[PDB]
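I'd like to ask some things about the structure below.
Order of writing sets the chain letters: A, B, C, D, E and F. Residues in each chain are counted from 1.
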Amino acid sequence: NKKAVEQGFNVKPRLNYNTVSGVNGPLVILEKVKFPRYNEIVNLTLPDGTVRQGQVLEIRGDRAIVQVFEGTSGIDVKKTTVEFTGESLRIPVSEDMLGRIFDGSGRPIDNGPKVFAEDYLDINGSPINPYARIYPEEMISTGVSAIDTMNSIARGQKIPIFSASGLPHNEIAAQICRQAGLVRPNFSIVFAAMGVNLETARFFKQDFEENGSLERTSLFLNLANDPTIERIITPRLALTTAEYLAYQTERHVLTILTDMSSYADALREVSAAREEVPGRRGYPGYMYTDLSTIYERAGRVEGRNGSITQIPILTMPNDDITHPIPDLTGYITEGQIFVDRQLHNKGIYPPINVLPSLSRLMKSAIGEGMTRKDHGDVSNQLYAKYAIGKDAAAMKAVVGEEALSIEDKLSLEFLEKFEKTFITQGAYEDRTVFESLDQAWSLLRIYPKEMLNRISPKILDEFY
Amino acid sequence: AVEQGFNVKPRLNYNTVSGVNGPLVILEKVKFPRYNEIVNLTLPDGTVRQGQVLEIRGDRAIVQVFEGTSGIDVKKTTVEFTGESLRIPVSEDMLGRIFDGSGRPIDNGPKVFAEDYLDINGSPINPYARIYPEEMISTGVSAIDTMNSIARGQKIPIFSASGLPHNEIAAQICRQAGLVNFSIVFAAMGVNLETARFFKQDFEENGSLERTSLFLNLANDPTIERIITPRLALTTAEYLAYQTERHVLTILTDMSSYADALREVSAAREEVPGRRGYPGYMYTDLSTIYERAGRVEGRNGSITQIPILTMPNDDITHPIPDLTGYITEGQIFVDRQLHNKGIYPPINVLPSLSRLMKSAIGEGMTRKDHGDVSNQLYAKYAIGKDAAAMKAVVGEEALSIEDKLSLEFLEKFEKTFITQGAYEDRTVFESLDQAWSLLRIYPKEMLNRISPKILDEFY
Amino acid sequence: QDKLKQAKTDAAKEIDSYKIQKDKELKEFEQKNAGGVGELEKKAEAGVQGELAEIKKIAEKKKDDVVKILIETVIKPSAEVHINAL
Amino acid sequence: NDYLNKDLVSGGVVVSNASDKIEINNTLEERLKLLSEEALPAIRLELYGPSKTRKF
Amino acid sequence: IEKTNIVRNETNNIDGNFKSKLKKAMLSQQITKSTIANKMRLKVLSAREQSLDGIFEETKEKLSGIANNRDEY
Amino acid sequence: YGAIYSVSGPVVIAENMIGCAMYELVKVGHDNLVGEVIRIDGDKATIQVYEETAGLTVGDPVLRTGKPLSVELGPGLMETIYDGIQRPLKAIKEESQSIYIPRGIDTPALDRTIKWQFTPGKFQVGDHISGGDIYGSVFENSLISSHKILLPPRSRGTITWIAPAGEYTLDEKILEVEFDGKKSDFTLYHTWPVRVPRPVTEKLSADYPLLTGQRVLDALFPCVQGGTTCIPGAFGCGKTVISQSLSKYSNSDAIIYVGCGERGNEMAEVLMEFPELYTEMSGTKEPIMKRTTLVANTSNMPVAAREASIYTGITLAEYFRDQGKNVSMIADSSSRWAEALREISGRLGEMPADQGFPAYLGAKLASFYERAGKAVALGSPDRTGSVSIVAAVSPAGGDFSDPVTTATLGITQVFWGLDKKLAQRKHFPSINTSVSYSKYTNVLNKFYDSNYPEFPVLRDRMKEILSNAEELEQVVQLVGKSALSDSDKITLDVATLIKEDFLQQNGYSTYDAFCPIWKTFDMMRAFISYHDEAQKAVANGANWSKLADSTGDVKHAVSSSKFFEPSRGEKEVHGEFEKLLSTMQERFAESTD
């Protein structure tokens, strides 16, 4: 049946290297290493008995520069013992991972057993063959109008959630997980916290438990107290689990990677620990590739019924799109959901500013077959009129309300009744995409039929 | 009679190569290495490439390969030390031929039948043997001749940006450069084939290939020959202008590309960078290039160097334009804002400057009112720009009567005076008359920078 | 009137056709210039033949003298160590 | 033992050190090539009169 | 009034087309005139290179003769 | 075969490897990872491998191929997808039965099992043949018929034996050349080094426009067949969709869509949609995919392979140019290629130059963009192909001051800059009409005079209207709309109409997916005529508010002209535009009266 067992029944001795040439920052350098690998995750034993894992990063002749995830602190040349496993970091995966809470490095903190591995998969993964990919054309009804109508999330989409520090991005992401469902017919959530607060992790865990998603969710929690070097591997572990459960098990998976800003801060700390290129704002020049190896593990593949949707939750430092984390994440991912501090202060939930938001995979996955015919034109017209509303609001602020034209007044009314009634939703209110489109048509019927220039004439005649 | 030419000096073929790094080739064992020496790297494929010795250790010689190091082996590559710096073969018949970046023929013609072998670096002209130019060149462009004059022997670059018509402006200046015939030495450093074809076609149409020498180092050409092309072109110009007593106008283009080549060589040498990675000695290299322009006391003949330059982001503060302004005298600023507005030439006369204008302009050389008219134009154009900024920031009615008159003058100045179609060839006197017509917009009272005698005699 | 303007432009279009004929004549003149240049190419070649006739004659007159200098130099004993080596 | 090509080389030697890494092509053909490339001004001055344009 | 303006506009376009053709005809004549002049100059320069290479081709024959003579070789 | 001394990131310093030339292809590791030599520090030779370096051990052998990174040119590639080192992704998928690319898989770049119908060319036995000469042709597919088999450059001699007409694989001999007594056997394919550009007889000035189909790109900032192009802009601006629409609807005979640092779902979207799309060329409906090949290198793929993908794509474009086909290579992101270059340079330890990008980045970009250009192929029979490079630079932070963007603008000739303020609010194409420029208008004046004489004057009028209304928009944003004159109001209204209807072109609607050259010309004529009619009516004395109230129908008819189906044919739609203009003139005359 399965021949992967035969290679498993092999014992490989590991060399214990007491020869530690030196240590600096998070990098511990070994000497007299016999044929070092390039990513051999080692088991570095401290003088006090603590065992920290580390993986080599640069291997000159008879030398290996190990970085330890838990930190060098306490490492001594005379007493530390480093054993080379001989293979890269491999997460023990199985179908029983669903319903278990793991630490940052995959060690189970659910007070339960060690995961009874069905396979050992490298956390770094491999690029999915573009010929083997399938373009995601199956719309997900997230239940929130700002994401279903204005934007649109497919099944294989990797649309993240751009947000600031204090915004309710966590409540939006938990809303999406508790409401995600195919428009025209469950999601095994894989949640990866990186440097989140205890309050955030507790909120996510309690939300999953109360909504019943905990029976099909595998948390990889890396709190702020957890070491800042294993934030690099936590999304890799969670995404390897998601890739398993999706491709090799045929389960649709929501991957929620919280605090990708914290992941990128860990990446910048690791890079600055070395003599890496500073990129922009101190982040490594390889940041794009690293974030690519994170995000691009999503998508569907040919012949396998599983799929992975990645909803990374970013934390923009100054609510700036131009910052490297949001810029690189927008360049890689297939859209973004822009949570706005302006709308949050205005009191709107969800505080989604749809103008910076986008979804590449709306183009296909919305249309006549997936949903009703008018959706694309309605979304385009809504974007145009929302922008006209914001511009007319700025013009009103500058030059008073009297100078505005009839079009500007209509657009201000549309802006008010669009932010107040369309974007705004309850935390537990889910709207069918057709209901959202009907509300959108009410908002467009605010206007006369002539000003809806982005609507095709046939759609406008059939839907006005 | 150079009878010392009849002499054979056998050369040492070193097969000891190592450390081949980027543009740099390092030889482990060299017998008495010579600094700034030309070597001939014979590849395993058989093709040879010239190389210059950048630095020598006790037995090492860090060689930079002009044609690039792509394909240089460490085992089968033989490096032959010529024993002297790079000497371009120069001749009087060398005019009218097209050359590669390394002074090799391109026009499918023979190698230069050398009249003498001149060093690329030339020799340092005695400052006591130089002549202050004081001989205006009627460039035919209003915004240049009238307000930033060019003297025969002045190194005045054309500061521009990417996509601006700096090539067109320089070609126009070359085509119409009579005094108030010129030989031309054109050096193309990394310019695209479209620009090189434009320059060659314009020279041929004007009739300049009879008295020009193009050193075309295209973009596809190796990126280290941009270090050597300006030096070859400038020593060709020095020959043609000092020994054959011609008047040479050098049009070194993409000095920004030359500086990028310098930074590439500087980065490979792992030396102390300077500003924006450009080598700390970029001032010295740019001065060595630019300062080869002017007139000498004994010999009547000059190099009217006009090095076209491209600002990376239309910024003067960038190291290349800043050092070029430091060394080269004057600057012709091509403005992105003017080009977007549609003006040709899009020369911004506020940053544009000419140090030798005050001495080569006016007092019977061209006309009595040239300097005062150009001061008045500059002052009123600055007033117009300030008034336009004030009228944009605040209400238009807040601008004074002088500010409104200056806005009208600025409009009539960009749209009529600076705006000059190609091949127009406005005389300096016609440009001065047009500038006065612009200055007759104002009442005589507020033309403050005009000397009262000239104001009475020309208003 | 618009109709009258088109008729007047059509009358001026006849001059444009004459101008087009003049433009065609200019193209024919350019072809004649190229044909004349082809005749001038023979004239230039005839002028070149006059100059390079001396080139063959100037070479043969002083060829044997240059070879004597070239031969005596290639073979001339030139044995001297580097100045630094001494 | 590896002798020079009879057709290409007319005379002279190619002296190299013990390691055979540094060699000096002293063949008459190579010396004539060096003379041809280095005595062009003298050959031009002998064949044709000095250029009237080139003062100094 | 409209007829005169249209006729004048068409006449102006006629002059521009003739002027553009005249400029192209004049420039193309200059291009061919310079090319023939350029080819002639490269014809005598190449002949001088042939004349120069004629001397060098003989010295190679003369050098071979010297090598054959063991008295002076 | 040398060993491995260091493996740090994507670079692998290999010891005991004396004799390896620069940019020589090597096989690093036991899995035979393809790599290129950068530095040679004595015995050591730093190697940038084009695969993942995980699992490499010190001591693993490194074989020296003795060849540079060579693309494989011939029949086969036309309709395929590659992997930068030119590994066919379809063949990889079939051979591995896995959705991941195996490390160091060595599948042939061109399928050898397929037999191609070869028709011998005009060259016969005994006739001298030179580099780039066409000695035959094969039937690649329905669209690329007579895929002319070119004798490799740098190869010459006399044809001793030429194969007759029939079906041949790529391994079979097709032609034999004797040169200096040495026989050379030539097949349907031949390898060419990607770094060295393919030779051409003489590069020519590009004069025919590259019809992108986008209204703004075609009219305001045109591009030629053989001209470089740049599309800077932040994420979501529309560079990828512009590139895909250009590949779908361009008049270029061949498309080389190169994906460097671009998400793999875009490659999947291309592979899924292009077969569905059909090209009206060749006299019959043939799928777009029959004339499009993809060089796909996803962002998560090896870093060093982005440069290989760029060079492979441009060399395929150069080969199809040497065949005489007007090609247009499309780099997904030259900025991602430059980021890969920066990563490699930082791994090496070189001087950061500007923003960390290596000091040779400008030179590399200049060479890559100078690969493009219309040119006569190297050998007989005479033919004139072209290669346009439409490369989408993606600046970091959405600022056009990035070093890669500045170098790209220095080298290129067309700037299709993208504004993110227009990317939002769904105003695609988001071409920033202010900063955008195209230096090919002067050379395209000839084509415009030949086909659409009023195209340049209408385009200049549109540019003037947009610029004047931008100035008036600044004025109105500062001090309100009360000060503006009537003609200012018409200028603002007409420019808003142009931006909303003409410039704004939805690439995913049936009507505006492809606005042809004639439709774009008719739409400029309609909009410019509307502006002129409004100006004339207001100058006659009619109040602009009342005129707009009366001519709202004409304005809506003008704005709705973008819905006219290009599929209806040039004759039918142009009649509709003429009727629209006539009714517009009648309505404006009635309103004025």
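As a working rule, a residue touches a chain if its C-beta (ideal position, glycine included) is under 8 Å from a C-beta of that chain, and two chains touch if they have at least 3 such contacts.
Path length between subunit A and subunit E in the chain contact graph, taken as the least number of steps between touching chains: 3. Where touching is counted per the definition, subunit A and subunit F have no chain in common. Looking at contact counts per chain pair, the maximum sits at A-F.
Averaged C-alpha coordinates put the centre of subunit C at 3 Å from the centre of subunit E.
Work out the mean CA point of subunit B and of subunit D, and you get 37 Å between them.
Computed centre separation for the pair subunit D/subunit F is 51 angstrom, with centres defined by C-alpha atoms. Centroid to centroid, with C-alpha atoms defining each point, subunit D and subunit E lie 33 Å apart. The residues of subunit D that reach two or more other chains are 28, 31-32, 35, 39-40, 43, 47, listed in rising order. Residue positions of subunit B with contacts to 2 or more other chains are 6-9, 31, 113. Residue positions 58-59, 66, 69-70, 73-75 of subunit C are each in touch with at least two other chains.
Checking each pair of chains for touch leaves A-F, B-C, B-D, B-E, B-F, C-D, C-E, D-E.
Interface of subunit B with subunit E (complex): residues 93, 96-97, 107-111, 113, 204-205, 207, 209-210.
Within the complex formed with subunit B, the residues of subunit E that make contact are 27, 30-31, 34-35, 37-38, 41-42, 45-46, 48-49, 52.
Residues 35-39, 57-62, 88, 122, 124, 126-136, 156, 247, 275-280, 285-286, 288-289, 292-293, 296-297, 299, 301-302, 304, 321-324, 327-328, 330-334, 336, 355-356, 358, 360-361, 363-364, 376, 379-380, 383-384, 386-387, 395, 398-400, 403, 405, 450, 453-454, 456-457 of subunit A touch subunit F in their complex. If you check the complex, the residues on subunit D that touch subunit E are 10-11, 28-29, 32, 36, 40, 43, 47.
Across the complex, subunit C is touched by residues 28, 31-32, 35, 39, 43, 46-48 of subunit D.
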